[PDB]
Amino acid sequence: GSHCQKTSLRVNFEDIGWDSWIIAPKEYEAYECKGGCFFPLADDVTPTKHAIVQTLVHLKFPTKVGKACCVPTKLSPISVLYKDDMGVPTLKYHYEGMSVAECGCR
């Protein structure tokens, strides 16, 4: 059963060019949503009625319409230490939207 679920994803801030403004941490666990959104669906998928409808339309017209996407449906914050406008390392206690809390088909 390869369905929509949260899997691990470690993000190094240098690799994505954010080290120019983020002192710490060097890496963090962001997670990612992976898997398909096909029938039969799972319970923790929590699909919208449109995702269900679009998945049905994709089954009968695969070349015209795409299927639903396994995406983050809830995010969690992290803390980052960033240089202030005058170079002062400053804590951003709740840097929102950075880590996956829940996945779902949309």
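Numbers follow the displayed sequence, beginning with 1. Definition used throughout: the rigid core is the maximal C-alpha set that superposes within 1.5 Å between two forms.
Fitting each structure in 5 other deposited structures of this protein onto the rigid core and averaging C-alpha distances over structures and residues, 40-48 emerges as the more displaced of 27-35 and 40-48. Stretches 72-80 and 42-50 differ in mean C-alpha B factor, with the higher average recorded for 42-50.
Averaged over Cα atoms, the B-factor as recorded in the entry is higher for 81-89 than for the other of 81-89 and 8-16. Annotation for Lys26: CA B-factor lies in the middle third of the chain's modelled residues. In the PDB entry, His58 places in the lowest third of its chain by CA B-factor.
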